[PDB]
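These protein sequence lines are chains J, P, O and i, in that order. Heads up: the first sequence is residues 1 to 505, going by the deposited numbering. Heads up: the second sequence is residues 1 to 505, going by the deposited numbering. Heads up: the third sequence is residues 2 to 85, going by the deposited numbering. Heads up: the fourth sequence is residues 2 to 162, going by the deposited numbering. Reviewing the structure listed below.
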Amino acid sequence: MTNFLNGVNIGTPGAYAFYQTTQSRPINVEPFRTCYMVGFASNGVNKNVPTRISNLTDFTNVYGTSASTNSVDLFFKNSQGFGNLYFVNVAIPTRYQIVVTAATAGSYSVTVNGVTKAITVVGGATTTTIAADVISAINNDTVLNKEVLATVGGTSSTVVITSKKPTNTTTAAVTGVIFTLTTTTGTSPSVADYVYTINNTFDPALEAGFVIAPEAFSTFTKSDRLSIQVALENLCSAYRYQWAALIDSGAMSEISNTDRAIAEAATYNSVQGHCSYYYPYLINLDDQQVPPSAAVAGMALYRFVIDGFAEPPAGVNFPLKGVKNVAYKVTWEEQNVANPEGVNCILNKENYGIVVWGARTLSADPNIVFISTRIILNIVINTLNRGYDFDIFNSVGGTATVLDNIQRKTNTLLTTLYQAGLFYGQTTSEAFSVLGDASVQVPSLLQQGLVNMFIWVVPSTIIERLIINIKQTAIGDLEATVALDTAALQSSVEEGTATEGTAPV
Amino acid sequence: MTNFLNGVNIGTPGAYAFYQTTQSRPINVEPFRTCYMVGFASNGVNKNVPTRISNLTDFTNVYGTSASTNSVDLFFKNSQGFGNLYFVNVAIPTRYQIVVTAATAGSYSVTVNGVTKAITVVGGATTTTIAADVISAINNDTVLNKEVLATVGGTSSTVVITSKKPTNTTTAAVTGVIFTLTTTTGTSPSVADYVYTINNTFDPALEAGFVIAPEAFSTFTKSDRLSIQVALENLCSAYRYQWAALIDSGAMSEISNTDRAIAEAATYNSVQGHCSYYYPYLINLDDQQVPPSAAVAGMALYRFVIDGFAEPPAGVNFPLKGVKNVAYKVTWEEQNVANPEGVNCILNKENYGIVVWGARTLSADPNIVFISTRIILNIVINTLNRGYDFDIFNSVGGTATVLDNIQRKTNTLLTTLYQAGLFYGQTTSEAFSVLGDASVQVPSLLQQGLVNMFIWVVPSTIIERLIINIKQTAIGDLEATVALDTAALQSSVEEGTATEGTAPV
Amino acid sequence: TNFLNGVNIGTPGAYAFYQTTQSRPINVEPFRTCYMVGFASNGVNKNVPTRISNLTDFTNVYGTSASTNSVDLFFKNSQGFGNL
Amino acid sequence: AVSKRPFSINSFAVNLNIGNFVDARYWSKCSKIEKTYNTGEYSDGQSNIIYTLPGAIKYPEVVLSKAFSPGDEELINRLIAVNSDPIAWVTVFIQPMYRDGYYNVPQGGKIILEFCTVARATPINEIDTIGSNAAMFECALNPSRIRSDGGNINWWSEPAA
């Protein structure tokens, strides 16, 4: 990029001086430093096609107007140039309305997606019969029935063709006076369109990372938000992806309190904790409400770059930027009730700023409670996938060295991760174990092309709450009491009765 | 060859420098590192003659303008000189138009390829009768009836003689005032011409290799494409060839999506899996759409030379060259549905380039699912044929020693392939077996000159999909869980219950 | 389980599942089995010795019976190293 | 699965360059070729395990031997004079090859021990009027580098960049 090409278009052999501009620092291509924002823009320039965005100016230039502009601005503010953002514009299915004016006898044609269908009209026919014939032909064609859907319009003499693949462009044409063609298309997206985009637009070859639909969550109603959350859960937990989703509460005008937020989170379900709920909307510098997902994702990527991937997106040393307040002040009691329900709160802590004060998922399984564990597992899975993509399509010869080599590749791949520090153990023998040799390979599965690998990992944990127990000794009773108390505490912790008993209120 | 003959034309003794020019790596005669492209050029320089092509410049010079130029360029770009290309130019049969301008009485002659048929014209005769008599004579002549075919022209007084052997030149002449002769020849080849070239031009002696017809598959309609695929199947599956064919889809405008591709590949049939269907067209550096078969064949030969012949033409390693994008983006669900049916997709994998992500054939047989298996079988067959070519026409005395010699030769020939790594087995006893001695020869077949010999082989296999099964272990209890699970898994595998059960959907 | 996760998949990709209890097989040796004679209202296997994979399988096949606690204790104390 | 037989101990041909002289005489015996790393022991403080820190690469001495025959006087003179010139160096050329007799099929480039200095020249290993062994001219060299060149295998390449 810049700062190196200044002298290329110089002919004379002298020495010259230029001024250092901002240098674009390359973002690494490691699994989990990407965010995918699903949004809408009237100019569907890249619809159902993830496109990388370099800055808010680029976003505005490409997609013009969109309710996701504030979210993109927050994401870039909080990421500070780290991590990548990919925008996915939702495609509105095309629609074509065909009106059958009269039942004139003759030969006509209806062409859909370049496939032409003849229509012979005999005397005594009706426009309703002609519409029925058109619908039957389109819905019976083996290709058109898959590509589009033909239905009855507002009248018996009207046919509606709806594109069933919004990603691809649908073309229509007619030959015949009695047919009247109109190009209709909703000017706004629907929850069904969002669901299709989520479920059919992402490629496992893409970089893993966070997925956010702040526009959809802010605009849609309860059931539509539930549908979007279900789609995101299925996507992230799909065996292909193993990604993470950051769910935002609905508009605060509806979800005006932490109890409503808790009800929404309770309705939301994520067995493996792939979805994480964040509630307080952020009031940006222009006094505009924004869902917190974009800011959370940007801060998460910055945290991954700075303090490593084992750290969750929370804490007082990574306050959000581009905001000046929250849209609702979460009380300590409300948080004490909500955090165990998986509702991660955002607090306008004084002397620190706006800080995320929760790192929990929406899972009931105690082993995946924190989002850090989910992110660690996702990183492991994606690293292994991108490693093994090199070994896919390799010959399993008579040596069968392949399977053994693949098991040894895992060993080294997971060691690289252990050195990164994603596991709980002083040594790799405490951190992870692998099993992928020929001893666990079935000849029939090998003939089919299937190879099985088994991995065990121990993710690291975090510090959620810290207890301080204090005692006031007498004048000159230091270590005349300390030692006594200590011995008892150490003995209880070693024997195993420290935890056993009842938990104080 | 260049870099060695620089000094041949010098007389004065001395040391002379000539700037090391481009080099050539002699492509060895292995029975598969060749590709045969069937195309068309306006100037039939080598009508129905497989002619080797040194490079794109040589192709352009010999054949001039042709729709196969892009395919040839991509083939060479992706082959990097490790593999030969043989172009076969489709000959258009010559047609001769005869018109009986009048029914004037007199004896006249019509000469076709040196055979003169004489027709007597008498009073009361008509041009219709004259043409009918000429047609009858030509079609009943024992030589002309198989050399050419005569048909009625645009009028009852018009006749058209079409060559039945395009390779052999057809010469026509007439002696008679009523007879007027003109030379018709379609400037564009027909599906019948392509079929004849496929089914009557190739040679078993020609080194085994891939067969492609990108121009035909891109410029023909559905029925013609199906007919050409049938001809390719017959050629590659014929007992004298045993080759492999690569099929491209129709032009993207017709085959606009993977559903249409599945449909096309379903209409296509290949019992023994000699044919491999590919779909996404490659956009070359000039933004021209090109069938992928040429690039796929080039990459296949390159990968055969680098990683050996047991590997399939796919994988992130060995990505395609001379291209910058695909004509259509295949979704993961589309591929998940199409790959089982035999559609090998091509994907613009970011961070890897354009990669073929499929190695299946069109066969329904589970044994020959993979093009790698098909290629291994073809290589074995063709190597054995080349080896036995020397033993052909040898005598057979009472010693019957030639039979033992053939068996020993087969053993060494298969040992060479086993060293190459084409079989699944740690030893030859696990890889292959032979039976060709006198114990299976029959005196009647020996008198007829027929010798039978039987081969058993175990072709290698590939890694088509890798499964990662991971468990999230709690802190500290990693080793016990690993021991328990590993014991269970190994016990199940060794007992044979690892596969029995109900497969998850 | 753990081996058939990929049979019903078409795409050639690397992708992950989560490990499950892979019951370990019991070899055919004398004294690896317990035969429990009980009664169930549903005579599904009247006087027919039938193997039991686990307590849920027993409950599904035979429904309510007074031997449920015995079955549960047997499986708890056998830990999969035995047939019932 | 023995695709190709390994190199035997007799499967190498050894030649020398001595300064500007291209000596045309083959050596029948040579010692081991290596790249040794001198080591260092350290710890960071979290464990009582000792680790090894490679350093100070060294290419140990190479001892060549051959039958002491006529025409060896010029080789002796070149060897004993080369060290006199600070610019002169000794280069050793080892071509691996498969030979059944005088016939050989070389494969790959040749290992080149570059910038070697003479540490010992022993034209006569011993004298014994009753002995029957062949006199062995020995020569000890101290290589400073190793590379490969003149073939399509490149046995010894370096981590240059």
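Where is the CB? At the ideal position from N, CA and C, for every residue including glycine.
Alpha carbon of residue i to alpha carbon of residue j, nearest angstrom
i	j	result
residue 491 of chain J	residue 501 of chain J	16 Å
residue 176 of chain P	residue 164 of chain P	25 Å
residue 93 of chain P	residue 357 of chain P	41 Å
residue 254 of chain P	residue 103 of chain P	51 Å
residue 91 of chain P	residue 167 of chain P	7 Å
residue 289 of chain P	residue 282 of chain P	6 Å
residue 400 of chain P	residue 428 of chain P	26 Å
residue 48 of chain O	residue 498 of chain P	31 Å
residue 488 of chain P	residue 378 of chain P	41 Å
residue 8 of chain O	residue 425 of chain P	24 Å
residue 46 of chain P	residue 58 of chain P	14 Å
residue 355 of chain J	residue 256 of chain J	20 Å
residue 181 of chain J	residue 110 of chain J	10 Å
Below-8 Å beta-carbon distance, residue i vs any chain i residue
i	result
residue 80 of chain P	no
residue 419 of chain P	yes
Reduced DSSP category for residue i - H, G, I as helix; E, B as strand; rest coil
i	result
residue 139 of chain i	strand
residue 401 of chain J	helix
residue 453 of chain J	strand
residue 477 of chain J	coil
residue 163 of chain P	strand
residue 462 of chain P	strand
residue 470 of chain P	strand
residue 25 of chain O	coil
residue 426 of chain J	coil
residue 130 of chain P	helix
Cutoff 8 Å: residue i Cβ touching any chain J Cβ
i	result
residue 424 of chain P	yes
residue 371 of chain P	no
Where the beta strand (DSSP E) through residue i begins and ends
i	result
residue 35 of chain O	That residue, residue 35 of chain O, is in no beta strand (DSSP E); it is neither H nor E in DSSP.
residue 150 of chain i	146-150
residue 67 of chain i	63-68
residue 26 of chain i	22-28
residue 277 of chain P	275-278
Test: residue i CB closer than 8 Å to a CB of chain P
i	result
residue 55 of chain O	no
residue 58 of chain J	no
residue 440 of chain J	yes
residue 14 of chain O	yes
residue 32 of chain i	no
residue 319 of chain J	no
residue 4 of chain i	yes
residue 394 of chain J	yes
residue 8 of chain O	yes
Bounding residues of the alpha helix (DSSP H) (the contiguous stretch that carries residue i)
i	result
residue 96 of chain i	Unbroken run through residue 96 of chain i is the beta strand (DSSP E), 91-100; no alpha helix (DSSP H).
residue 324 of chain P	First-last for residue 324 of chain P: 323-326, but that is the beta strand (DSSP E), not the alpha helix (DSSP H).
residue 77 of chain i	73-83
residue 488 of chain J	482-495
residue 443 of chain J	443-448
Residue-level contact to chain O via CB, residue i, 8 Å cutoff
i	result
residue 448 of chain J	yes
residue 239 of chain J	yes
residue 389 of chain J	yes
Residue i Cβ short of 7 Å to the ligand PLP heavy atom set
i	result
residue 80 of chain O	This structure simply doesn't include the ligand PLP, nor any ligand for that matter.
For this session: For the segment 339-365 of chain J, list the beta strand (DSSP E) runs that are entirely contained and at least 3 residues long, ordered along the chain.
Result: 346-349 and 353-356
Problem set entry | Runs of alpha helix (DSSP H) wholly within the segment 49-97 of chain P (minimum 4 residues, chain order) | 56-63 and 69-79
Problem set entry | In chain order, each alpha helix (DSSP H) run of at least 4 residues that lies wholly inside the segment 189-223 of chain P | 191-200 and 214-219
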